[PDB]
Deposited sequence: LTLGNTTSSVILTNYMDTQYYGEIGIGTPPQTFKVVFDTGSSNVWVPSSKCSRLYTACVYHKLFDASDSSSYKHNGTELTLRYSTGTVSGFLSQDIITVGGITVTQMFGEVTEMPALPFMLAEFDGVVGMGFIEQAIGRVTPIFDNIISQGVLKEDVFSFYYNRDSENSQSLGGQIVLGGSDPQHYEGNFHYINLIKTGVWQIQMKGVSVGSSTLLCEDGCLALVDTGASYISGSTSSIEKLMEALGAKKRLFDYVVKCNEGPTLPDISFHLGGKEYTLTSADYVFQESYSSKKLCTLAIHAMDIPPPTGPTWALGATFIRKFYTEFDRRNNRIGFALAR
């Protein structure tokens, strides 16, 4: 089974899921960095403008809904949502599963007013699930219908298909060459060992090793504040409140950035990480690499998001606790 994804400005990749009977439709991001499912709730005060601007789940319109009510708060890197748990049937890519998910009643304008999607579907392990709620992928596996306990992500370039998730395998149509796997450091987290990060000609980063969280829900490739400061200084980039910029005319001149993973070098060109909006020296162009301090126990750690996945088709293998990469087609 595959899920068709929409690509919004190269920063938000989302697909549709249906909740309830009759189905209530929601745009959601599939995030390997978290493990809970959530959508905005009809019980969310309209004082939260983000709730006024998104699809709201109304339990009183679903005959398959099952009440629970346990309160839950979900804390992400860029924001927080709070609400309560509910159960209902969820349709994802043709598969139907009963699932416990969050009905959000508090959703801050910043950053959710800037969200194209309505909610999130955690693709992480149950070990990271808040409130110990069984993750949707564990529930699907329990049905014993998938041919493989693995799911794969394909994120297309902005263009204007936006992207695609395959539940149960991989799509040969969107990758070439063969996969090269890296074993997970531990079950419970889609995190892997990274042997090093090189910029141009000088592996001046992640010497002695570091961690890499393969995060489909992250728009960019991120590193700790210290690591990014070095990487950026090397790039000649200036720091701003929420990102790093470079004078556009110099975007094409930026050096390659490479990521040593499992005995293979994964290299990005400047075209791969800079939002080349123009070429003027009087304009600033943002970079798809940010500074993000991810808290323990998962962090500190680098995060390989869309910027990376766009270049490399990614397969998450639950049966063998490994992650595979292959050149995206």
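Of the deposited sequence, positions 1-7, 168-171 lack any modelled C-alpha atom.
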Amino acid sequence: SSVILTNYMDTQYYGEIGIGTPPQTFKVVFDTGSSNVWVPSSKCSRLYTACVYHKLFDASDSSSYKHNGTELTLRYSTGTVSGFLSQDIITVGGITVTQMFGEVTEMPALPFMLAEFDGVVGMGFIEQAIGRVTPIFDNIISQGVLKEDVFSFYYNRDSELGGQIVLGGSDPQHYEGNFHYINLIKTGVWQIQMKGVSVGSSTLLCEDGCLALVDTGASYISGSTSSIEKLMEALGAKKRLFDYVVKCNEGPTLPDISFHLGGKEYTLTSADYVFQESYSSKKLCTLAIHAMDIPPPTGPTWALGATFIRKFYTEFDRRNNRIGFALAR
From here on, numbers count along this sequence of modelled residues.
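Basically, rigid core = biggest C-alpha set you can superpose within 1.5 Å across the two forms.
Relative to the displayed structure, the C-alphas of 5-13 lie farther away on average in 9 other deposited structures of this protein than those of the other candidate, with 19-27 and 5-13 compared after rigid core superposition. Superposing on the core and measuring CA offsets in 9 other deposited structures of this protein, the stretch of 68-76 and 203-211 with the greater mean deviation is 68-76. Stretches 12-20 and 315-323 differ in mean CA B factor, with 315-323 having the higher one. Higher mean CA temperature factor, per the PDB entry, when comparing 225-233 with 199-207: 199-207.
Residues shown: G69, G33, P40, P296. Highest C-alpha temperature factor in the entry: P296. In this entry, the residue among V166, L85, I89, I185 with the greatest C-alpha B factor is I185.
The deposited CA B-factor of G144 belongs to the highest third of values across its chain.
In this PDB entry, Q99 carries a Cα temperature factor that places it within the middle third of its chain's modelled residues.
Per-chain ranking of the deposited C-alpha B factor places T49 in the lowest third.
The PDB entry assigns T269 a C-alpha temperature factor belonging to the middle third of its chain's modelled residues.
Ranked by C-alpha B-factor against the other modelled residues of its chain, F275 falls in the middle third.
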